[PDB]
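Cβ placement follows ideal geometry from the backbone for every residue including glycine, while neighbour counts extend to all protein chains displayed. Just so it is clear, none of the values below were taken in a lab; they were calculated from the coordinates.
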Ligand SMILES: CCCCCCCCCCCCCCCCCC(=O)OC[C@H](COP(=O)(O)OCCN)OC(=O)CCCCCCCCCCCCCCCCC
Ligand code: SF4
Ligand code: SF4
Ligand code: SF4
Ligand code: SF4
Ligand code: FES
Ligand SMILES: [K+]
Ligand SMILES: [Zn+2]
């Protein structure tokens, strides 16, 4: 149930001693290492051509956040603050009130993307599939406050990415 | 259903707009105020009221497990339609 | 003294005659679960959540209503006490609406909390739930009567403390509903306190509606100044804004109630 | 209770109770409590004068041979007058077993350093100086190990706030990273999460 | 048979393990006789040292002595005998069979609080 | 597509030379991909 | 001997690294928290709590977040008794004030009192 | 040239992790463990999960245990690739770094297919794992495992018999067994000295009593035998991965206590009790019974343990994190005496040191 | 009331350790101003040393002043050995911090703090 | 895979291994990116009868630690467990 790495007593007959002396003087293992490096020289490299070729992902991927809507235009978020209660970094700030037709809707849904740890506890806490952590990872900014998302930015990300987000959820909701 | 303040600033679906004498409009100077122009309160009001023949209807939002939790809406009041508390879809007993 | 000796899980406790089973268990630091019992209202005994096994008795007793006899051993944590609690919680949650996200009582719900602590983790109810017509009792109490579990704390508060006699039960069986039966407006000076003692989110605060949520609120203990009663209150805030005002229990002032101006 | 319940290990529970009796009767001068949890771990709660006599014993007794110091810990419990609880976690590779030696101190009483028993402790209790302010007498090089060099206070005390009292920023006037009294653009939102209902009646404390 | 390596780094092979174990166990009993008889450390260590010394006196083979002392290699058995000797010499100076030096405070080990 | 390429080279995009008014001839951008092709290009699905 | 006698009052304010502003201007409050009247459970009224006086929370100009300058704003300490909390407040130099534990008084309950012959304590409904 | 004293000043990544754990629930404090030993993410997830489950008196289902052991050995491959290849990159062998980080990239694709994140998965949770394996994942783990032995073979072709690599590792950092036990070393740092100790054998957890593997034991205590032990632990990890792929059982992946593990979203949106349990597990969290455990696993750096103290609430009272790098870097000063300045980088290599778990 | 000491049996040995620590800081300050190349004077750094000693001059407990001497020796050891940078030495001099309002009236003007 | 046989033979000779049987670049052998929809099993607690929670309540079977000795014969010396059994050398590959 165990093995001894490096417990070989080397043979001391003239054959093996001459083999080790030929290895020392004629550099046989150094040529072995050069041969392995030469063997990688003629392999095809593993380099994809970004931006034109993209790394492989899956529908579970946790990227840029988005607020979703129903298939009627009504937003799914009903202000229950489960996402900001489960949020391990407290990135989500929510304020709510009843709007003009008496629905329970938010008036503040902030996600600080520079506190966010991108773990997706918010999208699994969410009982209506309102918040998701979508598929976008290419959203780097030149300014820090451009990563302080409000409700308008998250709803625009949902409107922007819904055609992909809905198909990823369609691929993955049976595991959830 | 966006509208505009007299300062030329868009008013959000919440109703947020800065005052004229508020300095914090300077953050949009040379840039843009990002609002979403699909107001959900105007979009759910475009949905037609569903006529049903029962007294209690169930609603899950459509999609089954992809919608909201399935709730049960009573429809005894004929003065008012019965609204889903999650999705806002409204129902009427046709009798 | 004429104190009788009873036993809560074998622990001897000396109680006054007339003490219920629930109070005798309170005296050893155990809290029997309850929905219709309230220590400032009359005993109802109609939610059956407080059913507890007295040993050598082949029937659980409603601990909120049953007085202790001398020599009882109240088994607060025996197997059939727990089976009684899970069965009664299953019937309370059978017709209850899946409204916990859109409900103001969420996070501070007795039904949620002692569903977690005393009932089963899942459902066997494969049927359709009832849906109760809402009522309009004023601008202070939002009324969503599908969430009602028929504990009648409405009616005992309005009859016994507010002294109003406008709330009641109409109908019979599973179709029994709580309300005024007419379009009548429950506006007492103590009308908002029915928001406090409703264990579910069937009666909620219409001004406070949807704005906050109990875990994120900070609880500052403070004094009412709307009158010279000096009611003890909790100003619950959230991020530097006053969210609502609850009562504090003070036995000598405001026992656990506040007025509607205070609230 | 087959599928979802953790199966109880009664053999290890019996063996750890017997070895706890063994330690409690070999060392009555220092051992205050001996307990075994329901998940079968042995805690030996001792007096702080016997850090070196107990831990040497467990390191050197032929029926103990706790040759490994896994972890050394302090726990701040402010309602205790000896608010710091020093926790040694020991591993016997010979007897394939773990023991826990717990003791106590407050801010002013020094604990004797266990570096002469286990050299492993040399940084660990040094961390206990840095995080808690528990002083260890006869330590070789006792100083801070994890906090910044000008740090005031001991962070893992529970009366110490989550953010500090100072925060750093670069200041272009003095051309220097500077420390200033902390201001947060968003305050840490305290959540009161505890349910008002009792969860575990086996752990119910008796009333006053 | 002259074991070539113990396998453990820094733990050299003992040439005469039985004589070393006999000297260490009798020296442990010599040190351990200076402890009072009501001290449980004396009784337990005399008991296990007599068991180990009887097993050493009843087995000529090194391998079988390793299998029935049940402590791995014979050199770490020798090291544990030396550790027990050093422990007994320290336990004389500590005197830890005495009563408890001080009671804990009343809620010192009460968890939870 | 080229399914003879190894997994990562087997799907690619040649970006447009003009998108939303910007001259993207040399300034190609990874966020120029619309979301309906973003599943296929990032191999979230087999289906274009 | 190996023990010294210190008759002085216990004070560790110079050792805890706390700035003086958050020692001599803060008012610790030692209290058992009141039961939330939304609920009937009493498991939060079991322990003593030390909180502090709330300081200024203001609006963040960028996001509207609640910005604070109070380090002791989220500091709630838990104690088993009142005297432990008082000893811990005095040990750290915090000027404190103590509210007493308010228990609910023993009520007199009777289900038969709902149906009296002559008393006002009859129920008119059930 | 000689090193007389080595004084490692640390705390440059002390982020106050385990004070931040004290204000967060058990689910909320799980993703701090992804970031301590941040090349060994799901192993630290497993150690914290086993600590919480030991305090909760519940156990994961068998398929969860097999998934945890499968991804623990994938994680062990990740960490030993990082360890061997950066230990060679610091010495100067920069090429097997690049050769092995493609296999490393494919295992990060395995993490991303099973959780959605390439590194910090938050996938192993108290109660089991968060989500089941997607269809087709185990076939690709088989296609990886079928080829990874040749990658180890060409790594070992570059470094092992190379005389320059042996001159940088053969008499360097020699630790005796008694000093390695006394300094609190664990893992390869013990087993390089000949100490026959692996926690997956001696104090076994989830299904390691049901997988069959060997334990590489060194004989000289040097950097070279610790290198060979990590290469052979990659070999034996491939062996465990094959046994996990063949013996993966059916069944659920969370514990079926909905007061601990959250229910499925299909029954959360249908059943009242499941919605209540979903609500309370994602806002309050489950309550852990009061007690203090010390739960330790054989992480690829050594004994990784948690001393976890619950007071009854849904948040930990205390969470001490025992990491191997703390004791190993405390032993750095002994291991570098009588050596040279370019030997200290080999000693900081052979102690697999990641300062997230050193400084917390 | 009978407690275990740290180094000092009473306040005399304790004041002796305080006095030796002040001697060591007074000797160290010119080397600190030189090798950190501070922009202060030796008089100013020695006044900061005297300020940090006279801040804690109200303490009457031997164990507390033992721990204060221990922490002062740790500060000095981190200053003699160049473990602090210039920033850590200059954090004693709150240079970028605006002066706080000291009287009642300006504290009333600027905000709510007592 | 697209390498010619001369470069393939050179590459296999220089590595000393057959590099086409085990390519480190992935091809059509890997799984499809679109899969059939799963159907996950439910646990043992998905029963409509004999499924009371108190008969499977793990968290409420945890007891406080049994206090073995508190300070308010010729009995055998004990160890915390039996001594560890010596590990057996591998039959698979002992390197011996
Ligand atoms: C009076 C008029 C003249 C005034 C003085 C000018 C002197 C000559 C300077 C060179 C010509 C000016 C233009 C310089 C390049 C500007 C255009 C440019 O950068 O186009 C972008 C294009 C590549 O596009 P990009 O977006 O970078 O690629 C993304 C990847 N697809 O980029 C390319 O396609 C490559 C651009 C190459 C730049 C020119 C070649 C290198 C410099 C040669 C001259 C200097 C050599 C000095 C000696 C060097 C050492 C030997
Ligand atoms: S992904 Fe995690 S850290 Fe980010 S907002 Fe969601 S819950 Fe918070
Ligand atoms: S995003 Fe979801 S979890 Fe968050 S408040 Fe909205 S509905 Fe609730
Ligand atoms: S009353 Fe309670 S159980 Fe019912 S929906 Fe509201 S929070 Fe949920
Ligand atoms: S509305 Fe509330 S208080 Fe009134 S009977 Fe129903 S559950 Fe009870
Ligand atoms: S509480 Fe006794 S039955 Fe309702
Ligand atoms: K209510
Ligand atoms: Zn709906």
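Given the criteria away from chain A (no Cβ under 11 Å) and either more than 21 Å from residue A:123 (Cβ to Cβ) or within 12 Å of ligand 8 (Cβ to nearest atom) (or both), does residue B:60 qualify? Give the steps one after another, and end with the answer.
On the way: away from chain A (no Cβ under 11 Å): no; either more than 21 Å from residue A:123 (Cβ to Cβ) or within 12 Å of ligand 8 (Cβ to nearest atom) (or both): yes.
It is false that residue B:60 is away from chain A (no Cβ under 11 Å) and either more than 21 Å from residue A:123 (Cβ to Cβ) or within 12 Å of ligand 8 (Cβ to nearest atom) (or both).
Quick check on residue C:178: is it more than 16 Å from ligand 3 (Cβ to nearest atom), touching a helix residue (DSSP H, G or I) at 6+ places or on another chain (Cβ under 7 Å) and under 18 Å from residue C:107 (Cβ atoms)? I'd like the intermediate steps shown before the answer.
Details: more than 16 Å from ligand 3 (Cβ to nearest atom): yes; touching a helix residue (DSSP H, G or I) at 6+ places or on another chain (Cβ under 7 Å): yes; under 18 Å from residue C:107 (Cβ atoms): no.
Considered against the rule, which asks whether it is more than 16 Å from ligand 3 (Cβ to nearest atom), touching a helix residue (DSSP H, G or I) at 6+ places or on another chain (Cβ under 7 Å) and under 18 Å from residue C:107 (Cβ atoms), residue C:178 comes out as no.
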Fill in: Restricting the stretch C:144-159 to residues that are more than 16 Å from ligand 6 (Cβ to nearest atom) and under 23 Å from residue G:111 (Cα atoms), the residue that is farthest from the chain's Cα centre (by Cα)
C:159
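Select from the stretch E:29-61 the residues that are more than 14 Å from chain J (Cβ to nearest Cβ) and under 25 Å from residue D:25 (Cα atoms) and list them in ascending order.
Looking only at the stretch E:29-61, we keep the residues that are more than 14 Å from chain J (Cβ to nearest Cβ), and these are E:29-31, E:33-36, E:53-54, E:56-61.
Selection gives E:29, E:30, E:31, E:33, E:34, E:35, E:36, E:53.
Please list, ordered by residue number, the strands (runs of 3 or more DSSP E) wholly in the stretch G:1-85 having 2 or more residues that are within 10 Å of chain D (Cβ to nearest Cβ) and closer than 22 Å to residue D:79 by Cβ. Walk me through it before giving the result.
Working: elements: G:27-31, G:48-51, G:57-59, G:66-68, G:77-79.
In the stretch G:1-85, G:48-51, G:77-79 are the strands (runs of 3 or more DSSP E) which contain 2 or more residues that are within 10 Å of chain D (Cβ to nearest Cβ) and closer than 22 Å to residue D:79 by Cβ.
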Worksheet item: Quick check, is residue C:40 within 12 Å of another protein chain (Cβ to nearest Cβ) and more than 16 Å from ligand 4 (Cβ to nearest atom)?
Response: yes
Response to the item:
Here the residues within the stretch J:4-26 that are more than 8 Å from chain H (Cβ to nearest Cβ), in a loop (DSSP other than H, G, I, E, B) and surrounded by fewer than 15 Cβ atoms within 10 Å (Cβ to Cβ) are J:4, J:18, J:20, J:21
Worksheet entry | Search result, residues across the stretch A:85-94 that are over 19 Å from the mean Cα position of the chain (by Cα) and farther than 17 Å from residue A:68 by Cβ | A:85, A:86, A:90, A:93
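Being farther than 24 Å from residue H:331 by Cα, more than 8 Å from every other protein chain (Cβ to nearest Cβ) and touching a strand residue (DSSP E or B) at 6+ places or on another chain (Cβ under 8 Å) narrows it down to one residue among H:236, H:210, H:243; which is it? First the steps, then the outcome.
Working: H:210 fails: touching a strand residue (DSSP E or B) at 6+ places or on another chain (Cβ under 8 Å); H:243 fails: touching a strand residue (DSSP E or B) at 6+ places or on another chain (Cβ under 8 Å).
Exactly one of H:236, H:210, H:243 is farther than 24 Å from residue H:331 by Cα, more than 8 Å from every other protein chain (Cβ to nearest Cβ) and touching a strand residue (DSSP E or B) at 6+ places or on another chain (Cβ under 8 Å), namely H:236.
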Practice prompt. Go through the stretch H:99-145 and give me each residue that's under 20 Å from residue H:83 (Cβ atoms) and within 12 Å of chain J (Cβ to nearest Cβ).
Written response: H:99, H:100, H:101, H:102, H:103, H:104, H:105, H:106, H:110, H:144, H:145
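If a residue has to be under 25 Å from the mean Cα position of the chain (by Cα) and assigned to a loop (DSSP other than H, G, I, E, B) to count, how many in the stretch C:17-31 make the cut? Please lay out each step first, then the result.
We begin by selecting, within the stretch C:17-31, every residue under 25 Å from the mean Cα position of the chain (by Cα); these are C:18-31.
Going one step further and asking which of them are assigned to a loop (DSSP other than H, G, I, E, B), we end up with C:18-19, C:27-31.
Within the stretch C:17-31, residues that are under 25 Å from the mean Cα position of the chain (by Cα) and assigned to a loop (DSSP other than H, G, I, E, B) number 7.
Name the residue that is nearest to the other protein chains (Cβ to nearest Cβ), counting only residues in the stretch C:106-119 that are within 25 Å of residue A:83 (Cα to Cα) and part of a loop (DSSP other than H, G, I, E, B). Break it down into steps so the answer makes sense when it comes.
Kept after step one, since they are within 25 Å of residue A:83 (Cα to Cα), are these residues of the stretch C:106-119: C:106-117.
In the following step, the residues that additionally are part of a loop (DSSP other than H, G, I, E, B) were identified as C:106-109.
Values: C:106: 6, C:107: 6, C:108: 4, C:109: 8 Å.
Filtering the stretch C:106-119 for residues that are within 25 Å of residue A:83 (Cα to Cα) and part of a loop (DSSP other than H, G, I, E, B), the one nearest to the other protein chains (Cβ to nearest Cβ) comes out as C:108.
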Worksheet item: What number of residues in the stretch C:32-69 are under 19 Å from the mean Cα position of the chain (by Cα) and outside any strand (DSSP E or B)?
Response: 23
Item to complete: Determine if the stretch C:80-89 includes at least one residue that is part of a loop (DSSP other than H, G, I, E, B) and either buried (at least 23 other Cβ atoms within 10 Å of the Cβ) or more than 16 Å from ligand 1 (Cβ to nearest atom) (or both).
Response: no
Discussion item. Quick check on this structure: which one of C:133, C:160 is within 30 Å of residue H:267 (Cβ to Cβ), surrounded by fewer than 22 Cβ atoms within 10 Å (Cβ to Cβ) and either within 16 Å of ligand 2 (Cβ to nearest atom) or within 11 Å of another protein chain (Cβ to nearest Cβ) (or both)?
Written reply: C:133
Response to the item:
Residue hits (the stretch C:107-119; within 16 Å of ligand 7 (Cβ to nearest atom) and either crowded, with 24+ Cβ neighbours inside 10 Å or within 26 Å of residue C:60 (Cα to Cα) (or both)) are C:107, C:109, C:110, C:111, C:112, C:113, C:114, C:115
Worksheet item: Residue check, residue A:123 against (1) more than 9 Å from every other protein chain (Cβ to nearest Cβ); (2) within 30 Å of residue F:48 (Cβ to Cβ); (3) surrounded by fewer than 18 Cβ atoms within 10 Å (Cβ to Cβ), all met but one. Which one?
Response: (3)
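Do we have any residue at all in the stretch C:118-135 that's under 20 Å from residue C:38 (Cα atoms) and either within 16 Å of ligand 6 (Cβ to nearest atom) or touching a strand residue (DSSP E or B) at 6+ places or on another chain (Cβ under 8 Å) (or both)? Step through it out loud before you land on a result.
Here is the first cut: in the stretch C:118-135, the residues under 20 Å from residue C:38 (Cα atoms) are C:118.
Restricting the remaining residues to those that are either within 16 Å of ligand 6 (Cβ to nearest atom) or touching a strand residue (DSSP E or B) at 6+ places or on another chain (Cβ under 8 Å) (or both) gives C:118.
Yes, because at least one residue in the stretch C:118-135 is under 20 Å from residue C:38 (Cα atoms) and either within 16 Å of ligand 6 (Cβ to nearest atom) or touching a strand residue (DSSP E or B) at 6+ places or on another chain (Cβ under 8 Å) (or both).
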Item to complete: Take the residues in the stretch F:1-44 that are more than 14 Å from the chain's Cα centre (by Cα) and within 26 Å of residue H:140 (Cβ to Cβ), then tell me which one is farthest from ligand 3 (Cβ to nearest atom).
Response: F:4
Worksheet item: Looking at the stretch C:194-204, which of the residues that are closer than 10 Å to residue C:105 by Cα and in contact with a helix residue (DSSP H, G or I) (Cβ under 8 Å, 6 or more places away or on another chain) is nearest to ligand 7 (Cβ to nearest atom)?
Response: C:198
Fill in: Criterion violated by residue F:10 - all others in (1) within 28 Å of residue J:29 (Cβ to Cβ); (2) more than 8 Å from every other protein chain (Cβ to nearest Cβ); (3) touching a helix residue (DSSP H, G or I) at 6+ places or on another chain (Cβ under 7 Å) satisfied
(3)
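Among the strands (runs of 3 or more DSSP E) contained in the stretch D:37-119, which hold 1 or more residues that are at the interface with another protein chain (Cβ under 7 Å from one of its Cβ atoms) and within 18 Å of residue H:330 (Cβ to Cβ)? If you could, list the steps in order and put the result at the bottom.
On the way: elements: D:42-46, D:68-76, D:84-92, D:97-105.
So the answer is D:68-76, D:84-92.
Specify which of the listed residues (A:71, A:45) is over 30 Å from residue C:244 (Cβ atoms), assigned to a loop (DSSP other than H, G, I, E, B), within 12 Å of chain B (Cβ to nearest Cβ) and over 18 Å from the mean Cα position of the chain (by Cα). If you could, list the steps in order and put the result at the bottom.
Details: A:45 fails: within 12 Å of chain B (Cβ to nearest Cβ).
Going through A:71, A:45 in turn, the sole match is A:71.
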Item to complete: Inspect all residues belonging to the stretch D:140-159 and state whether any of them is surrounded by 21 or more Cβ atoms within 10 Å (Cβ to Cβ) and assigned to a strand (DSSP E or B).
Response: no
Worksheet item: Residues in the stretch A:3-12: is at least one closer than 25 Å to residue H:96 by Cβ and in a strand (DSSP E or B)?
Response: yes
Worksheet item: Between a first residue in the stretch C:20-39 that is on the phi > 0 side of the Ramachandran plot and a second residue that is away from ligand 5 (no atom under 16 Å from the Cβ), which pairs have beta carbons less than 7 Å apart while being 6 or more apart in sequence or on different chains?
Response: C:29/D:204; C:29/D:206; C:29/D:207
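Quick check on my filter: what residues within the stretch H:90-99 are closer than 19 Å to residue A:34 by Cβ and part of a helix (DSSP H, G or I)? Spell out the reasoning first.
Of the residues in the stretch H:90-99, the ones closer than 19 Å to residue A:34 by Cβ are H:91-99.
Passing the criteria: H:91, H:95, H:96, H:97, H:98, H:99.
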